[PDB]
Amino acid sequence: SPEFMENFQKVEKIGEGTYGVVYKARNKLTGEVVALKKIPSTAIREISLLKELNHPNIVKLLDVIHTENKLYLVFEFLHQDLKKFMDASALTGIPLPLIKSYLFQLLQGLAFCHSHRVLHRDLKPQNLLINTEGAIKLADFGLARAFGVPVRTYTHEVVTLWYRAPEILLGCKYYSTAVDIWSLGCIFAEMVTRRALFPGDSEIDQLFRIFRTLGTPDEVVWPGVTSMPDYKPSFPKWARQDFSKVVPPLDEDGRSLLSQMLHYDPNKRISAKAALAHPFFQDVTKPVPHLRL
Ligand SMILES: Nc1cc(Br)ccn1
């Protein structure tokens, strides 16, 4: 129980993050309710720079606390994540106009962070946070560069592979902002269909799940793929399936954008900036979700 917790009133455990426990806490002096995440000199420098990466669709990093050889991150608090909202919305699904709003906003957050040379690398429904005003925000940007993405959390929970880009799974050392577009495409598909697109339960099952839907990649669609560290010539050769079968009832505008977000070649994959200009967003609005808190 470090002395700095004296700065807070209610310090209640609300969840189990990738790196440590997550608390809800109130600052006694300011009265602000925050998320306190419990988590090495390069990491300190990397994480401190994120205090100046502010955008409406990024969960704000308020403070870094290093004390008693322990590290704590103070973030802005939001009441719900997209995973719990997706579960809550399962009988009738999230309305298309709200999916569209959510995707548009998340692309804005990506476009901002990518323009500043920051990656997420571990996007997933549980780190997309929503509020009652129709906003959505990405949580934990930049943390992967600072402290890695482990196989198992501090609690031994399996870190999900479902949203992981194929270049990561094939051993690319120097993957970049396209990995976040891939993850967001997978999330888009899940919002539309109400089921995970590629729910792999090991690295090879993840890769084979992708291959069975999008086709086994080859040098025609992905120049250089056969020379990637973890590519094997013995991978089965699956034909690619129509998105009309993959994400019904999404319209041609949404299927076109999704196909561009899920291109194998990371240089071909659409950027966040270019995705914002896609015809799918011509009629975007900002609806208010029904939240029960
Ligand atoms: N290409 C990359 C990206 C991150 Br984040 C960490 C390591 N390598």
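We number each residue from 1, following the sequence as shown. Counting convention: from 1, in listed order, for ligands and their atoms alike. Excluded from the calculations below are hydrogen atoms, water molecules and symmetry mates; all remaining heavy atoms, backbone and side chain alike, are included.
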K.L.:
Less than 3.5 Å between some nitrogen or oxygen of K173 and one of ligand 1, yes or no?
P.N.:
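Among all N and O atoms of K173, at least one is under 3.5 Å from an N or O of ligand 1.
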
K.L.:
Would you mind checking which non-hydrogen protein atom is closest to atom 3 (C) of ligand 1, with the distance to 0.1 Å?
P.N.:
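Here the nearest protein heavy atom works out to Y175 CE1, 3.2 Å.
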
K.L.:
Suppose we measure from atom 6 (C) of ligand 1 to each protein heavy atom; which comes out shortest, and what is that distance?
P.N.:
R145 NH1, 3.7 Å

K.L.:
Would you say the side chains of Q105 and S101 form a donor-acceptor pair under 3.5 Å?
P.N.:
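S101 and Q105 do have a side-chain donor-acceptor pair below 3.5 Å.
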
K.L.:
Spell out, as yes or no, whether a donor-acceptor pair under 3.5 Å connects the side chain of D218 to the backbone of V221.
P.N.:
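Present.
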
K.L.:
Is there a side-chain contact between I44 and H66, using heavy atoms and a 4.5 Å cut-off?
P.N.:
yes

K.L.:
Any ring-ring contact (aromatic ring centres under 6.0 Å, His included) pairs touching residues 154-192, not counting sequence neighbours?
P.N.:
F188-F280

